[PDB]
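Enquirer: Mind having a look at this structure? Questions to follow.
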Amino acid sequence: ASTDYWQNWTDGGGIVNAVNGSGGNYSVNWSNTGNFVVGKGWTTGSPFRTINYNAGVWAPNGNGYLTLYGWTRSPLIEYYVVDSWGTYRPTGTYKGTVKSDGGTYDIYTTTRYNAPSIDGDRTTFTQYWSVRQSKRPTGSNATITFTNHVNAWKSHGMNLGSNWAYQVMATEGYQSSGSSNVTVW
Ligand SMILES: *[C@H]1OC[C@@H](O[C@@H]2OC[C@@H](O)[C@H](O)[C@H]2O)[C@H](O)[C@H]1F
Numbered sequence: 001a002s003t004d005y006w007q008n009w010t011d012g013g014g015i016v017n018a019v020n021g022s023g024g025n026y027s028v029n030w031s032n033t034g035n036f037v038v039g040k041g042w043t044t045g046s047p048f049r050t051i052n053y054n055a056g057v058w059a060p061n062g063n064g065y066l067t068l069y070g071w072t073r074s075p076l077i078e079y080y081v082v083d084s085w086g087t088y089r090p091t092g093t094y095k096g097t098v099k100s101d102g103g104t105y106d107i108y109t110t111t112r113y114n115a116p117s118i119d120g121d122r123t124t125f126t127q128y129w130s131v132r133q134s135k136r137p138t139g140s141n142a143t144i145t146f147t148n149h150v151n152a153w154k155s156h157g158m159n160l161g162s163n164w165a166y167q168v169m170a171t172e173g174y175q176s177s178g179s180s181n182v183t184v185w
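Its first residue numbered 1, the sequence shown is counted upward by one per residue in the authors' numbering.
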């Protein structure tokens with residue numbers, strides 16, 4: 001599919017060289033950053049969407065995530081489907097597991113306090129996570145059947161908002177350095 005959304009947010013720390021490439025391709029070079037999120041996807045997320053991607057390059061030197069990323073409103077929720085990471089595997093309150101697209105993911109919930117959000121300024125919101133138990137190999141055509149995660153979260157009381165915001169396959173970093181090149185469709 002054709003992506004129609006370009007996500008490029010940084011809290012201003014360090015260097016984040018984000019390149020909006022052709023089609024669903026994008027690349028990122030970062031060094032000594034604060035927090036940032038870059039990726040391509042869709043302006044309006046969907047619980048039935050099937051995301052395809054190929055990370056030709058995944059080279060984080062520290063804390064970085066290769067993950068499906070999106071938001072909903074009513075209520076405000078930041079969700080993730082982490083396929084790979086750097087030196088830190090994200091975790092939180094364990095809720096259970098879900099098998100999808102050849103891998104097993106742990107389900108977690110966390111909370112952010114006085115943090116930036118899509119609504120601007122700062123607020124408190126919940127984060128839904130699906131983290132692969134082991135890093136997914138990159139360089140191949142990978143698929144994320146989001147509906148599998150959405151349904152698994154629901155069975156654990158993890159309901160998303162009724163107002164869908166953007167949905168992208170992104171690269172998130174935190175006080176680290178690295179490189180990535182991803183193609184989304
Ligand atoms: C999850 O990821 C980073 C951050 O979200 C950003 O908030 C500001 C908004 O304009 C950007 O589009 C978002 O990516 C959030 O604090 C964190 F919990």
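The C-beta atom is built at its ideal place from N, Cα and C for all residues, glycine as well.
Does ligand 1 have a heavy atom nearer than 8 Å to the CB of residue 118?
Expert: Taking the first residue of the sequence shown as 1, we reach residue 118 at position 118. Yes - ligand 1 has a heavy atom lying nearer than 8 Å to the Cβ of residue 118.
Enquirer: Going straight from the alpha carbon of residue 121 to that of residue 20, what length do you get?
Expert: What you label residue 121 is simply residue 121 of the sequence shown in a count that begins at 1. What you label residue 20 is simply residue 20 of the sequence shown in a count that begins at 1. Cα-Cα distance, rounded: 26 Å.
Enquirer: Using CA atoms only, rank isn't needed, just tell me which of 104, 55, 97, 117 is closest to residue 155.
Expert: Counted from its first residue, the sequence shown places residue 155 at position 155. Selected option, being the one with the closest Cα: 97.
Enquirer: Name the one or two DSSP bridge partners that residue 64 has.
Expert: Walking along the sequence shown from the start, residue 64 turns up at place 64. Bridge partners of residue 64: 173.
Enquirer: How about residue 123 and residue 110: do their beta carbons lie closer than 9 Å?
Expert: Against the sequence shown, residue 123 aligns to sequence position 123. Against the sequence shown, residue 110 aligns to sequence position 110. The answer is no: Cβ separation not under 9 Å.
Enquirer: Quick check: what's the CA-CA separation for residue 132 versus residue 63?
Expert: Taking the first residue of the sequence shown as 1, we reach residue 132 at position 132. Taking the first residue of the sequence shown as 1, we reach residue 63 at position 63. Taking the straight line joining both Cα atoms gives about 16 Å.
Enquirer: Select from 30, 129, 73 the residue whose C-alpha is nearest the C-alpha of residue 146.
Expert: Mapped onto the sequence shown, residue 146 falls at position 146. Here the closest residue by C-alpha is 129.
Enquirer: Just checking residue 53 against ligand 1 - is the residue's beta carbon closer than 8 Å to any of the ligand's heavy atoms?
Expert: Here residue 53 corresponds to residue number 53 of the sequence shown, with the count starting at 1. No, the beta carbon of residue 53 sits no closer than 8 Å to any heavy atom of ligand 1.
Enquirer: Write down every uninterrupted run of the beta strand (DSSP E) in the region 81-134 whose length is 3 residues or greater and which is fully enclosed by it, in chain order.
Expert: Taking only runs of at least 3 residues, the beta strand (DSSP E) segments lying wholly in the region 81-134 are 93-100, 103-116, 122-132.
Enquirer: For ligand 1, I want to know if residue 89 counts as a neighbour, meaning its beta carbon is within less than 8 Å of at least one of the ligand's heavy atoms.
Expert: Here the question's residue 89 lines up with position 89 in the sequence shown. No, the beta carbon of residue 89 sits no closer than 8 Å to any heavy atom of ligand 1.
Enquirer: Is the region 22-34 close to the region 157-165, with three or more CB pairs under 8 Å?
Expert: Flag = no, the region 22-34 and the region 157-165 do not touch.
Enquirer: For residue 70 versus residue 184, is the C-beta distance shorter than 9 Å?
Expert: Residue mapping note: residue 70 aligns to position 70 of the sequence shown, counting from 1. Residue mapping note: residue 184 aligns to position 184 of the sequence shown, counting from 1. No, the Cβ-Cβ distance between residue 70 and residue 184 is not below 9 Å.
Enquirer: If you run the structure through DSSP and keep just helix, strand and coil, what is residue 159?
Expert: Your numbering for residue 159 matches position 159 in the sequence shown. Reduced to three states, the DSSP call for residue 159 is coil.
Enquirer: So, at 7 Å on beta carbons, what are the nonlocal neighbours of residue 31 in its own chain, with the 5 sequence-adjacent residues on each side left out?
Expert: As a first step, residue 31 must be located in the sequence shown, where it is residue number 31. Taken in chain order, the residues that qualify are 14, 15, 177.
Enquirer: Go ahead and pull the three-state DSSP assignment for residue 148.
Expert: As a working note, residue 148 is residue 148 in the sequence shown. DSSP places residue 148 in helix when its eight states are reduced to three.
Enquirer: Compute the Euclidean distance between the alpha carbons of residue 181 and residue 113, then round it to the nearest angstrom.
Expert: Taking the first residue of the sequence shown as 1, we reach residue 181 at position 181. Taking the first residue of the sequence shown as 1, we reach residue 113 at position 113. Approximately 31 Å between the Cα atoms of the pair.
Enquirer: Let me make sure I understand the geometry here. Which of 164, 8, 142 has the alpha-carbon closest to that of residue 51?
Expert: As a position in the sequence shown, residue 51 is number 51, starting the count at 1. Of the candidates 164, 8, 142, the one whose C-alpha sits nearest the C-alpha of residue 51 is 142.
Enquirer: Take residue 88 as the anchor and find which of 108, 60, 72 has the nearest alpha-carbon.
Expert: Looking up residue 88 in the sequence shown gives position 88. Ranking 108, 60, 72 by Cα distance to residue 88 puts 60 first.
Enquirer: Run the proximity test for residue 63: is its beta-carbon closer than 8 Å to any non-hydrogen atom belonging to ligand 1?
Expert: Counted from its first residue, the sequence shown places residue 63 at position 63. Because no heavy atom of ligand 1 lies under 8 Å away, the Cβ of residue 63 does not count as near it: no.
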